[PDB]
Peer 1: 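Submitted below is the structure of interest, expressed as C-alpha cells.
Hydrogens, waters and symmetry mates are skipped; everything else that's a heavy atom, side chains included, is used. Each residue takes its place number in the sequence, starting with 1. Counting starts at 1 for both ligands and their atoms, in listed order.
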Amino acid sequence: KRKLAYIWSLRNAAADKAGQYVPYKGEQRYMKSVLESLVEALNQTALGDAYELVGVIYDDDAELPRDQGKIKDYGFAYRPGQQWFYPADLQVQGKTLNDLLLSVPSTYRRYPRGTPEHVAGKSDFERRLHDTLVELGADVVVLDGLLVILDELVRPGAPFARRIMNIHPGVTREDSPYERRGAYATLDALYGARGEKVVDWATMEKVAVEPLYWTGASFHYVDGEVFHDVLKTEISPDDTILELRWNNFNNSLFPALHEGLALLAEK
Ligand SMILES: Nc1nc(=O)c2cc(CNc3ccc(C(=O)N[C@H](CCC(=O)O)C(=O)O)cc3)ccc2[nH]1
C-alpha cells in the first residue's frame, strides 16, 4: 500500500457546493466531492488494494473571518444534523473518514500579501506540510483544491517532490486543443462552448472564439507534468456552471484521479 495523503482547502469545497445537491438538467444532482469519490474508489475497487488514505489535511483557519464566511454553510467542523462536505458518517477502509481530518493552517494569510511576515509564514506552513506528511509516512499526496500555491514543497531533493500531485479540472498539455489551465478552467470551458473567451475578468469583457465542446481533468505533477489525462466531458451552450462542474467531476475527474493513481502505483 502506497501511503496516500490528501489535501484540500475546505473553503474551496464549499464554493463548489461539495456535499450538496444541485439543480441539474431541470432537476437535481448530488455534488459529490473528490474525496468522496476516492473513498468510494478505495472501498469498492482494487485501487483500495494499492493505497491507504492516511491523512486528510485542510488548510483553512478559523481565525480568518474570510475563511469563516466562506464555509458558513458548512462550518469548520461537523455540526449535528447539518450540512457537511460528505456524509459525516462516511467510512474509508474501515476508518471513520472524519477522524482523518488535519489542519495545517495557512495562518500566514492573516498578514498582508508579500510582507515579510506573510512570506516567513508561508514557508513555515509549507515546512509544516512536509513535516506532518512525514508524520504520516505518506508515500503519496493528492491535492484537490488546496488554495495555497506550493513553491517550496516541490523543491529539488525534498522528500515529496515527485510524490505530490494535483487533480485539475481541465487538460493541462501545452499544445492541447482543450487545455483548460488555471483557476478559471471551468468557466473558460463554459464560455468556450459559447464560442466566447473572456478578455478581462473584472468587467466581463469577452471575444469571439471557435467553439470547443469538451473538457477534462488532469492528474499531474506539481513541480507540473501530466501523468494521466481524461477528456470526456461534452460541453453544451445552454449548460450552466453547476452542470459543467458536475459533469467534469463525473465524466472526467473522478476517472482521471483513479486511473492516474492506479497507474501511479507501480511507480
Ligand atoms: N447557499 C450559499 N450561496 C452563496 O452564494 C454563498 C457564498 C459564500 C461566500 N462567503 C464569503 C464571505 C466572505 C468573503 C471575503 O472575502 N471576506 C473578506 C474578509 C472580511 C470578512 O470576513 O467579511 C472581505 O470582506 O473582503 C468571501 C466569501 C458563502 C456561503 C454561501 N452559501
Peer 1: When you compare the side chains of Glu126 and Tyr108, does any donor N or O come within less than 3.5 Å of an acceptor on the partner?
Peer 2: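 The answer is no; no qualifying pair exists.
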Peer 1: Check ligand 1 against the protein and report each N/O to N/O distance under 3.5 Å, formatted as atom name, atom name, distance.
Peer 2:
unit_1, atom_1, unit_2, atom_2, d
ligand 1, 1 (N), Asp73, OD2, 3.4
ligand 1, 10 (N), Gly69, O, 3.4
ligand 1, 22 (O), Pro65, O, 3.2
ligand 1, 22 (O), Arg66, N, 3.0
ligand 1, 32 (N), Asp73, OD2, 2.3

Peer 1: Without hydrogens or angle criteria, can the side chains of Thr233 and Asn247 be said to hold a donor-acceptor pair below 3.5 Å?
Peer 2: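 Side chains of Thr233 and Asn247: no pair found under 3.5 Å.
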Peer 1: Please check if atom CD in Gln28 has more than 12 non-hydrogen atoms from other residues, nucleotides or ligands closer than 6.0 Å.
Peer 2: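 Counting other residues, nucleotides and ligands, CD of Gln28 exceeds 12 neighbours.
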Peer 1: Can you check salt bridge (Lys or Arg N to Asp or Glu O under 4.0 Å) on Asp223 and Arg155, steps first, answer last?
Peer 2: CA-CA 8 Å; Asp223 49 64; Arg155 264 177 87 209; over 6 Å; no
Peer 1: Does a side chain donor of either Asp59 or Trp8 reach within less than 3.5 Å of an acceptor in the other side chain?
Peer 2: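 Result is no, nothing qualifies.
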Peer 1: Within a reach of under 6.0 Å around OH of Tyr78, are more than 12 heavy atoms found that belong to other residues, nucleotides or ligands?
Peer 2: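 Enclosed: over 12 neighbouring heavy atoms sit under 6.0 Å from OH of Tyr78.
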